[PDB]
>>> print(open('data-v1.txt').read())   # compact mmCIF, C-alpha atoms and all ligand atoms
# COMPACT_ATOMS: atom_id res chain seq x y z
CA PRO W 1 102.12 173.75 169.40
CA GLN W 2 105.36 171.91 170.01
CA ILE W 3 108.11 173.62 167.96
CA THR W 4 111.35 171.80 167.23
CA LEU W 5 114.51 173.76 166.56
CA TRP W 6 115.92 172.26 163.34
CA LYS W 7 114.86 175.52 161.68
CA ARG W 8 114.55 179.04 163.13
CA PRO W 9 111.36 179.30 165.24
CA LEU W 10 109.76 182.00 163.09
CA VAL W 11 106.10 182.86 163.56
CA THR W 12 103.67 185.45 162.30
CA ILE W 13 102.91 188.35 164.57
CA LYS W 14 100.30 191.08 164.15
CA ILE W 15 100.98 194.54 165.51
CA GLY W 16 99.38 197.80 164.37
CA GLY W 17 97.14 195.79 162.01
CA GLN W 18 100.15 194.54 160.14
CA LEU W 19 101.53 191.01 159.80
CA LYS W 20 105.26 190.57 160.33
CA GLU W 21 107.60 187.63 160.89
CA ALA W 22 109.40 187.28 164.21
CA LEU W 23 111.75 184.89 165.97
CA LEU W 24 110.67 183.18 169.20
CA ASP W 25 113.74 183.92 171.33
CA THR W 26 114.29 182.45 174.75
CA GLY W 27 117.66 184.23 174.91
CA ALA W 28 115.99 187.66 174.70
CA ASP W 29 114.67 189.29 177.88
CA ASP W 30 112.63 191.80 175.83
CA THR W 31 110.81 191.95 172.50
CA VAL W 32 112.54 194.04 169.86
CA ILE W 33 111.01 194.90 166.46
CA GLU W 34 112.34 196.77 163.48
CA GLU W 35 111.39 200.39 162.82
CA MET W 36 107.66 200.97 162.68
CA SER W 37 105.09 203.46 163.98
CA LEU W 38 103.36 202.70 167.28
CA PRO W 39 100.89 204.86 169.23
CA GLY W 40 101.56 206.77 172.40
CA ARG W 41 104.68 207.96 174.17
CA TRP W 42 107.96 206.13 174.34
CA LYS W 43 110.85 205.97 176.83
CA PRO W 44 114.52 205.38 176.12
CA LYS W 45 116.31 202.07 176.60
CA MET W 46 119.72 200.79 175.65
CA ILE W 47 120.09 197.10 175.03
CA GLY W 48 123.17 194.96 174.67
CA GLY W 49 123.67 191.93 172.55
CA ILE W 50 126.46 190.13 170.83
CA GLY W 51 127.97 193.04 168.88
CA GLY W 52 127.45 195.90 171.39
CA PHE W 53 124.50 198.09 172.24
CA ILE W 54 121.63 199.73 170.36
CA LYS W 55 119.28 202.47 171.45
CA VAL W 56 115.61 201.62 171.12
CA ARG W 57 112.24 203.23 171.75
CA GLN W 58 110.25 201.53 174.54
CA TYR W 59 106.50 201.45 174.01
CA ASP W 60 104.39 199.95 176.84
CA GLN W 61 101.04 198.15 176.78
CA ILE W 62 101.04 197.46 173.04
CA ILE W 63 98.57 194.92 171.63
CA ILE W 64 100.37 192.25 169.70
CA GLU W 65 99.29 188.79 168.44
CA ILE W 66 102.00 186.12 168.40
CA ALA W 67 101.33 182.88 166.50
CA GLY W 68 97.58 183.50 167.06
CA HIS W 69 97.92 184.20 170.83
CA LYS W 70 97.06 187.71 172.10
CA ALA W 71 99.55 189.55 174.24
CA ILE W 72 99.61 193.12 175.56
CA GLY W 73 102.98 194.44 176.75
CA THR W 74 106.21 196.25 176.10
CA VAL W 75 107.67 196.41 172.62
CA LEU W 76 111.10 197.93 171.92
CA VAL W 77 111.52 199.46 168.45
CA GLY W 78 114.93 200.02 166.94
CA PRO W 79 117.56 198.91 164.52
CA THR W 80 117.42 195.24 165.37
CA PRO W 81 118.58 192.88 162.59
CA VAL W 82 115.52 190.57 163.08
CA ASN W 83 112.20 190.90 164.88
CA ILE W 84 112.55 189.11 168.21
CA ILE W 85 109.85 187.95 170.63
CA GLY W 86 111.49 187.88 174.03
CA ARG W 87 110.53 186.41 177.38
CA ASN W 88 108.31 189.33 178.38
CA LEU W 89 105.82 188.16 175.71
CA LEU W 90 106.75 184.46 175.54
CA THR W 91 105.46 184.24 179.13
CA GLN W 92 102.17 185.88 178.11
CA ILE W 93 101.57 183.17 175.48
CA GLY W 94 102.44 180.40 177.96
CA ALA W 95 105.66 179.24 176.31
CA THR W 96 108.09 176.87 177.98
CA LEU W 97 111.24 175.03 176.96
CA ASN W 98 111.02 171.27 177.27
CA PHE W 99 113.53 168.40 176.91
CA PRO V 1 112.39 169.02 182.44
CA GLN V 2 110.06 171.91 181.73
CA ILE V 3 111.75 175.31 181.96
CA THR V 4 109.50 178.32 182.34
CA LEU V 5 110.59 181.69 181.06
CA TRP V 6 109.93 183.98 184.01
CA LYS V 7 113.70 184.19 184.36
CA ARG V 8 116.60 183.60 181.98
CA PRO V 9 116.86 179.86 181.10
CA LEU V 10 120.36 179.31 182.37
CA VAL V 11 121.83 175.87 182.76
CA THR V 12 125.16 174.32 183.67
CA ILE V 13 127.25 173.00 180.84
CA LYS V 14 130.52 171.10 180.69
CA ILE V 15 132.81 171.95 177.76
CA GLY V 16 136.56 171.48 177.37
CA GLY V 17 136.66 169.96 180.90
CA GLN V 18 135.20 173.18 182.36
CA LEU V 19 131.82 173.86 183.99
CA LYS V 20 130.12 177.03 182.81
CA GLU V 21 126.70 178.65 182.95
CA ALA V 22 124.96 179.17 179.59
CA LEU V 23 121.67 180.45 178.24
CA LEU V 24 119.31 178.09 176.31
CA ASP V 25 118.71 180.35 173.34
CA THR V 26 116.20 179.49 170.63
CA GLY V 27 117.07 182.76 168.84
CA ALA V 28 120.72 181.63 168.29
CA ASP V 29 121.50 179.48 165.26
CA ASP V 30 124.89 178.54 166.69
CA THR V 31 126.43 177.99 170.11
CA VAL V 32 128.80 180.78 171.22
CA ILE V 33 131.02 180.50 174.32
CA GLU V 34 133.28 183.12 175.94
CA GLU V 35 137.00 182.95 175.26
CA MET V 36 138.55 179.61 176.23
CA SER V 37 140.91 177.08 174.70
CA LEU V 38 139.56 174.02 172.88
CA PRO V 39 141.61 171.29 171.21
CA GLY V 40 141.89 170.76 167.47
CA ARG V 41 141.56 172.83 164.36
CA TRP V 42 139.51 176.01 164.02
CA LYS V 43 138.72 178.63 161.44
CA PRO V 44 137.62 182.22 161.77
CA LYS V 45 134.00 183.34 161.38
CA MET V 46 132.03 186.58 161.74
CA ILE V 47 128.61 186.43 163.47
CA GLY V 48 126.11 189.24 163.76
CA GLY V 49 123.64 190.06 166.52
CA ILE V 50 122.10 193.15 168.05
CA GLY V 51 124.86 195.76 168.03
CA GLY V 52 126.74 194.27 165.03
CA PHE V 53 129.34 191.55 164.44
CA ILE V 54 132.07 189.84 166.41
CA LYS V 55 134.87 187.62 165.16
CA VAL V 56 134.89 184.10 166.62
CA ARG V 57 136.85 180.86 166.25
CA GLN V 58 134.81 177.95 164.87
CA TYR V 59 135.69 174.55 166.36
CA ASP V 60 133.92 171.51 164.94
CA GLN V 61 133.03 168.18 166.55
CA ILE V 62 133.11 169.42 170.16
CA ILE V 63 131.38 167.39 172.84
CA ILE V 64 129.31 169.35 175.35
CA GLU V 65 127.19 168.22 178.28
CA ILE V 66 124.13 170.50 178.63
CA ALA V 67 122.10 170.13 181.81
CA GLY V 68 123.25 166.51 182.02
CA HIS V 69 122.63 165.65 178.33
CA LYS V 70 125.58 164.92 176.01
CA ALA V 71 125.76 166.36 172.52
CA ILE V 72 128.35 167.04 169.83
CA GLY V 73 128.57 169.87 167.35
CA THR V 74 130.27 173.07 166.30
CA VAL V 75 131.10 175.60 168.98
CA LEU V 76 132.01 179.22 168.29
CA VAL V 77 134.43 180.85 170.74
CA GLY V 78 134.80 184.60 171.05
CA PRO V 79 133.91 187.81 172.91
CA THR V 80 130.22 187.12 173.50
CA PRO V 81 128.88 188.81 176.63
CA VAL V 82 126.91 185.62 177.55
CA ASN V 83 127.52 181.87 176.91
CA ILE V 84 124.69 180.77 174.61
CA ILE V 85 123.52 177.30 173.63
CA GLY V 86 122.01 177.68 170.20
CA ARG V 87 119.81 175.54 168.02
CA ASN V 88 122.63 173.40 166.67
CA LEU V 89 122.94 171.80 170.12
CA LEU V 90 119.38 172.35 171.42
CA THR V 91 118.12 170.01 168.76
CA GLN V 92 120.49 167.26 169.90
CA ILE V 93 119.14 167.29 173.49
CA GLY V 94 115.57 167.18 172.06
CA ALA V 95 114.59 170.67 173.22
CA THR V 96 111.32 172.10 171.99
CA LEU V 97 109.31 175.28 172.58
CA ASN V 98 105.75 174.54 173.69
CA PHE V 99 102.66 176.73 174.12
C1 LIG W 101 122.83 187.23 172.68
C2 LIG W 101 121.64 187.02 173.65
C3 LIG W 101 122.12 186.88 175.10
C4 LIG W 101 120.67 188.19 173.54
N1 LIG W 101 120.04 188.31 172.24
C5 LIG W 101 119.02 187.37 171.82
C6 LIG W 101 119.62 186.32 170.90
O1 LIG W 101 118.75 185.21 170.87
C7 LIG W 101 119.99 186.88 169.53
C8 LIG W 101 118.75 187.20 168.69
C9 LIG W 101 119.24 187.60 167.30
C10 LIG W 101 119.74 188.90 167.16
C11 LIG W 101 120.23 189.30 165.93
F1 LIG W 101 120.67 190.60 165.80
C12 LIG W 101 120.29 188.43 164.84
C13 LIG W 101 119.75 187.16 164.98
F2 LIG W 101 119.78 186.32 163.88
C14 LIG W 101 119.19 186.75 166.18
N2 LIG W 101 120.82 185.86 168.89
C15 LIG W 101 122.00 186.07 168.31
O2 LIG W 101 122.74 187.05 168.52
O3 LIG W 101 122.42 185.05 167.53
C16 LIG W 101 123.42 185.27 166.52
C17 LIG W 101 122.71 184.92 165.22
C18 LIG W 101 123.56 184.33 164.14
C19 LIG W 101 125.02 184.71 164.29
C20 LIG W 101 125.33 183.85 165.50
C21 LIG W 101 124.66 182.56 165.12
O4 LIG W 101 124.03 182.12 166.31
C22 LIG W 101 124.18 183.02 167.40
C23 LIG W 101 124.60 184.34 166.76
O5 LIG W 101 123.59 182.90 164.24
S1 LIG W 101 119.81 189.85 171.72
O6 LIG W 101 119.19 189.79 170.41
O7 LIG W 101 121.15 190.47 171.79
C24 LIG W 101 118.77 190.68 172.84
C25 LIG W 101 117.38 190.60 172.70
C26 LIG W 101 116.59 191.24 173.65
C27 LIG W 101 117.15 191.82 174.75
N3 LIG W 101 116.45 192.36 175.76
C28 LIG W 101 117.19 192.93 176.68
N4 LIG W 101 116.74 193.58 177.73
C29 LIG W 101 117.57 194.32 178.67
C30 LIG W 101 117.19 194.15 180.13
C31 LIG W 101 118.39 193.42 179.57
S2 LIG W 101 118.88 192.74 176.29
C32 LIG W 101 118.50 191.86 174.85
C33 LIG W 101 119.33 191.35 173.92
CL CL W 102 105.76 193.37 179.02
CL CL W 103 126.74 171.68 164.58
CL CL W 104 113.15 165.97 166.92
NA NA W 105 137.45 169.81 165.73
>>> encode(input="data-v1.txt", output="structure tokens")
Amino acid sequence: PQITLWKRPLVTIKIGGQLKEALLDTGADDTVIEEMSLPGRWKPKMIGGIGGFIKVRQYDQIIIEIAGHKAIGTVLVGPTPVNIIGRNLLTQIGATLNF
Amino acid sequence: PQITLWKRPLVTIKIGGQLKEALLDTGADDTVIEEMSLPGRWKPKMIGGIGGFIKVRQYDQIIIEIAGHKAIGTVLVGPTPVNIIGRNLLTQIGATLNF
């Protein structure tokens, strides 16, 4: 699709068999999702945004569908205010910015 | 142009007579620039991101050149760690996300 930006670019994602809403975010290096259970081990990461830093759990090689496109990669889980799809997964679905 | 997302989508902007580097950020509703002076009236605002909120100054009707394309809109000025071009100005340069 071609998505204009007059509204937030929200899409449906599927992770762990569950549908969630998430923001396509070119300003995010990484994908960050609200608290949920994911399989396997995690590693620590601290990420910085506009109001300071949050600690998150880094899960690697997680299967996630984004707007009907399959991706497999790193998902950070933590107290993010919104679910964000960052460039690590936007590149896997072939997204570009165009003007 | 077509901007891929392998790296941060940074562009040059001109604002307030100054050249700056800023991130094209589909996850940002508003445009937020590091502390600088702008002419005219402003009012305070609180904006929230990862980590929490920061206080900014809201200036309306500010002209900004983004990668060579002129646009006018509201600009928020405050202690953001990155200059971000949000949707309020991305729309005006005709930017879309495509996949
Ligand atoms: C600020 C930019 C440089 C980074 N953010 C992405 C950004 O698009 C953010 C996404 C986002 C977070 C949030 F907590 C709430 C949101 F609604 C959206 N937007 C934002 O703060 O807009 C704010 C939203 C609200 C208030 C103002 C106005 O527009 C901009 C600002 O609307 S971030 O959410 O902090 C973010 C995401 C992943 C991420 N990955 C990282 N990886 C590590 C290696 C560096 S750092 C990092 C930071
Ligand atoms: Cl990844
Ligand atoms: Cl505006
Ligand atoms: Cl349009
Ligand atoms: Na003004």
>>> residues_near_ligand(input="data-v1.txt", ligand="ligand NA 105 (chain W)", cutoff="6 Å", atoms="all atoms listed in the file", output="list in words")
residues 40, 41, 59, 60 and 61 of chain V
>>> closest_atom_pairs(input="data-v1.txt", of="chain W", to="ligand CL 104 (chain W)", cutoff="10 Å", atoms="only C-alpha atoms and all ligand atoms", output="JSON lines")
{"residue": "W:3", "atom": "CA", "partner": "W:CL104", "partner_atom": "CL", "distance": 9.2}
{"residue": "W:4", "atom": "CA", "partner": "W:CL104", "partner_atom": "CL", "distance": 6.1}
{"residue": "W:5", "atom": "CA", "partner": "W:CL104", "partner_atom": "CL", "distance": 7.9}
{"residue": "W:6", "atom": "CA", "partner": "W:CL104", "partner_atom": "CL", "distance": 7.7}
>>> residues_around(input="data-v1.txt", residues="segment 65-68 of chain V", least_positions_apart="5", cutoff="8 Å", atoms="all atoms listed in the file", output="list in words")
residues 11, 12, 13, 14, 15 and 93 of chain V
>>> residues_near_ligand(input="data-v1.txt", ligand="ligand CL 102 (chain W)", cutoff="7 Å", atoms="all atoms listed in the file", output="list in words")
residues 73, 74, 88 and 89 of chain W
>>> residues_around(input="data-v1.txt", residues="residue 82 of chain W", least_positions_apart="4", cutoff="8 Å", atoms="only C-alpha atoms", output="JSON, numbers by chain")
{"W": [22, 23, 33, 34]}
>>> residues_near_ligand(input="data-v1.txt", ligand="ligand LIG 101 (chain W)", cutoff="6 Å", atoms="only C-alpha atoms and all ligand atoms", output="ChimeraX atom specification")
/W:25,27-31,47-50,80-82 /V:25,27-30,47-50,82
>>> atom_distance(input="data-v1.txt", atom1="atom CA of residue 90 of chain W", atom2="atom CA of residue 62 of chain W")
14.4 Å
>>> atom_distance(input="data-v1.txt", atom1="atom CA of residue 86 of chain W", atom2="atom CA of residue 99 of chain V")
14.2 Å
>>> residues_around(input="data-v1.txt", residues="residue 97 of chain W", least_positions_apart="3", cutoff="7 Å", atoms="all atoms listed in the file", output="VMD selection string")
chain V and resid 2 to 4 95 to 98
>>> axis_aligned_box(input="data-v1.txt", around="segment 42-46 of chain W", padding_each_side="4 Å", output="AutoDock Vina command-line options")
--center_x 113.8 --center_y 203.5 --center_z 175.6 --size_x 19.8 --size_y 13.3 --size_z 10.5
>>> closest_residue(input="data-v1.txt", among="V:85, V:36, V:77, V:54", to="chain W", atoms="only C-alpha atoms")
V:54
>>> atom_distance(input="data-v1.txt", atom1="atom CA of residue 38 of chain W", atom2="atom CA of residue 24 of chain W")
20.9 Å
>>> closest_residue(input="data-v1.txt", among="V:79, V:69, V:8, V:64", to="ligand CL 103 (chain W)", atoms="only C-alpha atoms and all ligand atoms")
V:64
>>> closest_residue(input="data-v1.txt", among="W:43, W:20, W:87, W:70", to="chain V", atoms="all atoms listed in the file")
W:87
